Each structure stands twice: as structure tokens, then as C-alpha cells.
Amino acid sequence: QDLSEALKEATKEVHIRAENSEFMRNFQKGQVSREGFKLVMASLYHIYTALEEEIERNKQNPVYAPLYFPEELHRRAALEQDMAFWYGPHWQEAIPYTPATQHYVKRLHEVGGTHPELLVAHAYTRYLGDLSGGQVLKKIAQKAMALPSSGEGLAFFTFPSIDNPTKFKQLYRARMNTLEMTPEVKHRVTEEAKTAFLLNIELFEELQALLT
């Protein structure tokens, strides 16, 4: 089986659980305020910082390199804008760094440092969602919180260097299928993607509790 297909099949169940998390149910209904939203975007700041640092460490590694798309995909600069929007000029000292975020970041460094053949599972889990349900979350955020169409506060959800998310996702999928793939690597990559989803589910369960 192609890796792109293996990953979708492996994560289709946990994806259902993730999109139906209590935090996300509240989001999709429109119940999340500025406070909740600042919490999740600050958490994403740390996650994508760790993820993109590990992507840089491994950019020339053949186990990842075909998926190296900083210009199109990387979120850190965009999140730095959003942090300045939501938290102001001294956001680096203002933003929270929660335990679940720390746990997620810790795994990203373990993977990037010790198991870079699995890094694709983590880039997959975040980026392809950003290019999918991410786009729906963006419209909900705009409506709920009165965020302007011009895009301030929602740079994270904006991909100026991609014309069509759907087309780019097809490209990224075909490119995943180009990675050197053994039964050993494909088994562990699909397992690591399931873990990536759980780390996200646990972040969202934590934030929901912090707010209630």
C-alpha cells in the first residue's frame, strides 16, 4: 500500500475522535473566546517551532527531504505574527507553555533527534490538517471572534505561497509515496501518526479543562 493511503487508513478512526473532541465541538459551534483561542495558538507556536526546527535539522536527510517545503508550509513566522496580534509586542514573555504542549514538543525532539524516519508522521499530522479542517476552523474563528478578512490574527491558517490547498495536498501525498519505504518504516510511521493525533487530542483535552 502507498504511504499516503496507509497513513489515511491508519488515522481515520483517531481523526474522528479528534474532530469530535469537546474543545473542537465548542470551537465548531462557536463557543470559544479570545482567551481559549490565544491558548491554542500559543500552544501551536511551541509545537510548530519544535517541528520546524527538527525539519531543518533533517532537511538533507533522504527519510524526510522530499517533504521539505519551508516556503509553502512552514508556520512559525505566521505564528509569530499571530502572537504579536493576540499578545502584543512582548508576547515571548507573555505566552503560556502548557504541560501537554511540553509533552508534544518533547516527542517532536525525540523523533527529530533519534527517529527522523518518523518525522513525516508529524509533518503529515499537522500540515495536511492545516490544509484541510484548518481552513474550516479559520472561517469559524473569523465569524465567532470578528476577525477581518484581511487576515490579521489568523496568519497561521493562511498559506500565501500555495494557490490551491487541495492540489498541494495531492502533490504532498504523491511526494510521501516517494520516500524509501520498507515494511518496518511504514508500520512505525503509521503508528507515530496515531501518536501525533493523540498528542493533539491531549493538548485539546488539557486546554478545555484550563478554560472550564
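In case it trips you up, residue 1 is the first one in the sequence shown, and so on. Just so we're on the same page, rigid core means the largest C-alpha set that superposes within 1.5 Å between forms.
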Stretch with greater C-alpha deviation in 8 other deposited structures of this protein, 152-160 versus 30-38 (rigid core superposition): 30-38
Greatest C-alpha divergence in 8 other deposited structures of this protein once each structure is fitted on the rigid core, 198-206 or 21-29: 21-29
Higher-scoring stretch by recorded Cα B factor average, 165-173 or 44-52: 165-173
Given 104-112 and 85-93, the range whose Cα B-factors average higher in the PDB entry: 85-93
Ranked against its chain, the third holding the CA B-factor of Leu179: highest
Third of the chain, ranked by Cα B-factor, where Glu192 sits: lowest
Where the record places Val32 (Cα B-factor, split into thirds across the chain): highest
Assigned third (lowest, middle, highest) for the C-alpha B factor of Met24: highest
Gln135 - Cα temperature factor, lowest/middle/highest third of chain: middle
